[PDB]
Structure formats: C-alpha cells, structure tokens
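Hydrogens, waters and symmetry mates are skipped; everything else that's a heavy atom, side chains included, is used. Here is the naming used below: chain letters follow the sequence lines, and residue numbers restart at 1 for every chain.
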Amino acid sequence: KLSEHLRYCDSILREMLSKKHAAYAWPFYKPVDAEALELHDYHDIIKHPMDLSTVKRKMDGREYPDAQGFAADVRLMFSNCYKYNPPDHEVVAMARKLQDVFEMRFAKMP
Amino acid sequence: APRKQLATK
Ligand SMILES: [Cl-]
C-alpha cells in the first residue's frame, strides 16, 4: 500500500536499525524499560513513549497517513530522550548522532 | 533522582 514517500521512510528506518549505527542506535531499538532500568518517574515525565520497534510496527501495519506522521514519531522518540535525561548523558549524545542520520536522510527524500 | 544506566550487567 505504502506511497513512494512512505517507502523512503521505511528505507531510513531500516538503516537506523542496521549494524551501521548500532553503537548509538541500540538504546532506541525497543521501548524504554522503566522496570529494568528502575526509572520510577519515566512515565510521569514521558507521556507518549516512542521507539524504533514501535515505528516499525506502525509502518508494517500501515498506520502512517504520510511522511510527516513518520517523522513526528521519530522526533518524538528523540524529544523524549532529550526531555528525560540530563544534557550531559551519553544516551543524549547517542540520540543526537542518530538524529543526524535521520534528518539528513529525511531531507534528501525525493 | 533516577538516572538511566546504559552500563552492562
Ligand atoms: Cl545490516
């Protein structure tokens, strides 16, 4: 069903999940486990959690109306990371390098 | 205040 633009998005998503960016992309593979990491305030601070597996799920299930809907979730993921964690945290540095990859790919979408 | 720890277990 996917439109040409939403195919390009699935291409970007496929790249963000590859071994090429694993060094800084792995904390975003699955939802943030507030249990395991013992983050008792994560869901009180992050109202709308988001990760790459969820984005893949919605992409496979064709839940995105357009490319803008895709980008919104991907940025929501990064926004939550910036919002919850201190500015000096390594996971923030990881998010920034991965977002560099995303924004660069997304901007060059035909 | 809770801080997420990426360090392996
Ligand atoms: Cl690969």
Report task. Under the ring-ring contact (aromatic ring centres under 6.0 Å, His included) rule, collect the residues that match up with A:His89, sequence neighbours excluded. Result -> none
Report task. Applying ring-ring contact (aromatic ring centres under 6.0 Å, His included), name anything that partners A:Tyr42, two or more places apart in sequence or on another chain. Result ->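 So A:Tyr42 forms a ring-ring contact (aromatic ring centres under 6.0 Å, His included) with A:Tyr84.
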Query raised in the report: If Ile, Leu, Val, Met, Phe, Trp and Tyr residues are connected whenever their side-chain heavy atoms lie under 4.5 Å apart, and connections chain through other members, are A:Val91 and A:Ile46 in the same group?
Result: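 Unlinked, A:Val91 and A:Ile46 end up in two clusters.
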Query raised in the report: Do A:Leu2 and A:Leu52 sit in the same hydrophobic cluster, where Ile, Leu, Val, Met, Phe, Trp and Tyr count as joined when their side-chain heavy atoms come under 4.5 Å apart?
Result: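 The answer is yes; both residues are in one hydrophobic cluster.
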**Report entry** Closest heavy-atom pair and its distance - A:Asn85, B:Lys4
**Finding:** OD1-CG, 3.5 Å
Requested in this report: Check the surroundings of atom CD in A:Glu38: do more than 12 heavy atoms from other residues, nucleotides or ligands lie under 6.0 Å from it?
Outcome: no
Report task. Output every pair passing salt bridge (charged side-chain N to carboxylate O under 4.0 Å, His left out) with a member in residues 82-100 of chain A, not counting sequence neighbours, ordered by first then second residue. Result -> A:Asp88-B:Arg3
Query - Toward chain B: residues of residues 101-110 of chain A with heavy atoms under 4.5 Å - result: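 At a heavy-atom separation under 4.5 Å, chain B is reached by no residue of residues 101-110 of chain A.
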